[PDB]
Amino acid sequence: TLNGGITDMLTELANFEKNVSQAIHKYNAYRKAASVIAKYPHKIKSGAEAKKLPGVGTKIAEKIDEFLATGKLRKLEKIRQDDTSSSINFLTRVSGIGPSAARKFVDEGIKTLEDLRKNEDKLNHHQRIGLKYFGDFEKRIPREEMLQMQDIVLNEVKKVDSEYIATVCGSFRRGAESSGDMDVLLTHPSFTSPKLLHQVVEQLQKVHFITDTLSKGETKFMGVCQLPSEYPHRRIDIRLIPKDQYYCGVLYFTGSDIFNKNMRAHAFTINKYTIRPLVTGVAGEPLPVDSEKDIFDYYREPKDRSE
DNA sequence: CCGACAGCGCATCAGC
DNA sequence: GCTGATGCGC
DNA sequence: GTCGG
Ligand SMILES: O=c1ccn([C@H]2C[C@H](O)[C@@H](COP(=O)(O)NP(=O)(O)OP(=O)(O)O)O2)c(=O)[nH]1
Ligand SMILES: [Cl-]
Ligand SMILES: [Cl-]
Ligand SMILES: [Mg+2]
Ligand code: NA
Ligand code: NA
């Protein structure tokens with residue numbers, strides 16, 4: 001909020017690079033710069049000042065100078081009024097429509113949500129669902145609803161087989177007051193490093209909790225769910241992970257992104273699967289893990305895992 | 001100067 | 001029909 | 001776009 005003008009500018013630049021220019025690394029550069037500035041506890045008076053922050057270089061410092069002196073960015077104002085670029089950028093807000101699809105659509109005169117509605121045959125299954133729940137997917141989920149959603153998931157999972165273990169991770173596990181989606185990690189003692197995932201998904205569809213499917217395989221389900229009453233439709237992912245790699249998965253999918261990076265950087269090598277020792281760099285076999293604390297013993301409650 | 005910049009499952013396409 | 005590449009979300 | 005070897 002203290003430098004919201006600058007961070008919004010950088011975020012807008014970020015999106016354009018990712019969505020229109022298809023330059024993912026420049027997207028991430030702008031985001032990294034936006035993040036380090038948003039955490040900066042002073043009102044920025046110059047680009048030179050911001051330049052001192054890691055992730056802010058010459059080009060962004062120059063842009064900040066323009067923004068501070070004029071209250072805007074010339075090229076950013078031009079991009080906003082550009083029909084092609086703004087349409088491409090907007091279409092990517094539809095889940096399933098990335099930079100490639102967005103560009104192709106705009107190339108053939110398809111630029112709006114209404115245009116998408118008139119051209120259903122040109123959309124794949126995922127994109128049709130993204131279109132259908134466009135507004136709902138951009139809503140956040142209050143913790144109270146997440147709790148009700150957790151109630152349903154844990155209940156139905158245990159009814160299928162009481163030996164399943166299910167954990168809602170992500171921001172919810174970190175105790176966030178709101179969440180963007182629901183991330184569920186699933187395991188079963190019969191699965192280590194059968195159709196375990198299918199049976200869970202089917203039961204959730206049976207009680208009319210899961211309403212649509214974006215993608216589904218033996219280890220990962222991505223779909224849509226809805227609380228009964230009208231509640232917005234929500235995004236839910238369910239991952240089946242081997243029992244012996246469960247808690248590494250729980251750690252990884254709990255977050256936050258900043259905490260995860262800082263944890264393995266201050267670590268051994270830690271990925272989503274295992275933790276293995278490193279010698280000349282030759283990684284050994286995975287270490288035995290039966291809890292989150294074991295990783296730390298090689299502690300931070302989820303409540304404080306922002307960094 | 002110049003390469004890194006995370007890594008994975010699934011859906012779908014390109015090539016054969 | 002197949003294998004591998006690409007797009008996509010996250 | 002920025003960083004760092
Ligand atoms: O690009 C990504 C994003 C997330 N992840 C993992 C790490 C993260 O902790 C986990 C949860 O992703 P969310 O984007 O769902 N993080 P959070 O769930 O904590 O934010 P929200 O409440 O917005 O989902 O998925 C990746 O591996 N790659
Ligand atoms: Cl790039
Ligand atoms: Cl591994
Ligand atoms: Mg989440
Ligand atoms: Na800097
Ligand atoms: Na999209």
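Letters A, B, ... mirror the listed sequences (proteins, then strands); counts begin at 1. When reading the values below, keep in mind they use all heavy atoms of this one structure, side chains included, and skip hydrogens, waters and symmetry mates.
A/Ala23 comes within 4.0 angstrom of nothing in the nucleic acid, heavy atoms only. Counting non-hydrogen atoms under 4.0 angstrom, A/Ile24 reaches nothing in the nucleic acid. Looking at heavy-atom distances under 4.0 Å, A/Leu53 makes contact with sugar-phosphate atoms alone, never a base. Residue-level contact check: A/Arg103 touches neither bases nor backbone, having no heavy atom under 4.0 Å from any strand. Heavy atoms of A/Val36 sit nowhere under 4.0 angstrom from any nucleic acid atom.
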Side-chain donor/acceptor pairs under 3.5 Å, residues 129-136 of chain A, sequence neighbours excluded:
| residue | atom | partner | partner atom | Å |
| --- | --- | --- | --- | --- |
| A/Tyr133 | OH | A/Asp212 | OD1 | 2.6 |
| A/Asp136 | OD2 | A/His233 | N | 3.1 |

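When side chains are defined from C-beta on, A/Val289 does not count as touching A/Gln245, because their heavy atoms never get closer than 4.5 Å. Between A/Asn89 and A/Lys18, every side-chain heavy-atom pair lies at or beyond the 4.5 Å cut-off. Under the 4.5 Å side-chain criterion, counting only non-hydrogen atoms from C-beta, A/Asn260 is in contact with A/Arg264. Using a 4.5 Å cut-off on side-chain heavy atoms (C-beta onward), A/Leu123 and A/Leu116 make contact.
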Is there a side chain to side chain donor-acceptor pair (under 3.5 Å) between A/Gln148 and A/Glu144 once you walk through the steps?
CA-CA 7 Å; A/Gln148 292 182 36; A/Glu144 172 58 36; 3.3 Å; yes
Go through the steps for A/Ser256 and A/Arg305 under the test side chain to side chain donor-acceptor pair (under 3.5 Å), then give the verdict.
CA-CA 6 Å; A/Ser256 65; A/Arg305 296 185 186 170; over 6 Å; no
Derivation and outcome, side chain to side chain contact (heavy atoms under 4.5 Å, CB included), residues A/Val184 and A/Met182
CA-CA 6 Å; A/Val184 183; A/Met182 169 163 282; 3.7 Å; yes
Passes side chain to side chain donor-acceptor pair (under 3.5 Å), A/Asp294 versus A/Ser291? Steps please.
CA-CA 6 Å; A/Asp294 291 346; A/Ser291 62; 3.1 Å; yes
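Of the candidates B/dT12, D/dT2, B/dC10, the closest approach to any side-chain atom of A/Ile60 belongs to D/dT2.
One can place CG of A/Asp237 at 12 Å from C1' of B/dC10, the figure rounded to the nearest angstrom. Separating the CZ atom of A/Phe221 from the P atom of B/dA11 is a distance of 11 Å, rounded to the nearest angstrom. As rounded to whole Å, 9 Å separates atom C1' of D/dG1 from atom NZ of A/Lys63. Distance, A/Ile129 CD1 to B/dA11 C1': 12 Å, rounded to whole Å. A straight line from CZ of A/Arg31 to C1' of D/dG1 spans 14 Å, rounded to a whole angstrom. Atom P of nucleotide D/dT2 and atom CD1 of A/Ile64 are separated by 10 Å, given to the nearest angstrom.
When only modelled atom types and interatomic distance are considered, A/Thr167 and A/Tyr246 share a side-chain donor-acceptor pair under 3.5 Å. Donor-acceptor pairing under 3.5 Å is lacking for the side chains of A/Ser215 and A/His126.
When every heavy atom of A/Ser86 is checked against every heavy atom of A/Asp82, the shortest pair comes out as OG-O, 2.8 Å.
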Taking Watson-Crick and G-U wobble contacts under 3.5 angstrom, with | marking pairs to another strand and [ ] crossing pairs, the secondary structure of DNA chain B is written |||||.||||||||||
With the criterion being N/O to N/O and under 3.5 Å, what pairs connect the protein with nucleotides 5-9 of chain B, and how long is each?
| residue | atom | partner | partner atom | Å |
| --- | --- | --- | --- | --- |
| B/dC8 | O3' | A/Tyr273 | OH | 3.1 |
| B/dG9 | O3' | A/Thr219 | OG1 | 3.2 |
| B/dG9 | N3 | A/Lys220 | NZ | 3.2 |

Check: protein-nucleotides 1-4 of chain B nitrogen or oxygen pairs below 3.5 Å:
none

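Here D/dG1 counts as south. Its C1'-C2'-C3'-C4' torsion is negative.
Between chain A and DNA chain C, the heavy-atom contact criterion of under 4.0 Å yields a 5' to 3' nucleotide range of C/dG7 to C/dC10.
The side-chain tip of A/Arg143 points at the ring of A/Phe172 from less than 6.0 angstrom away and within 45° of straight on.
C/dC10 sits 23 Å from B/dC5 when the P atoms are compared, rounded to a whole Å. Using P as the reference atom, D/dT2 and B/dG7 are 23 Å apart when rounded to the nearest Å.
Of the possible polar contacts, one joining the A/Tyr164 side chain to the A/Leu196 backbone as a donor-acceptor pair under 3.5 Å is found.
Applying the ring pair (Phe, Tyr, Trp, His ring centres under 6.0 Å) criterion to A/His42, with sequence neighbours excluded, gives A/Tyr40.
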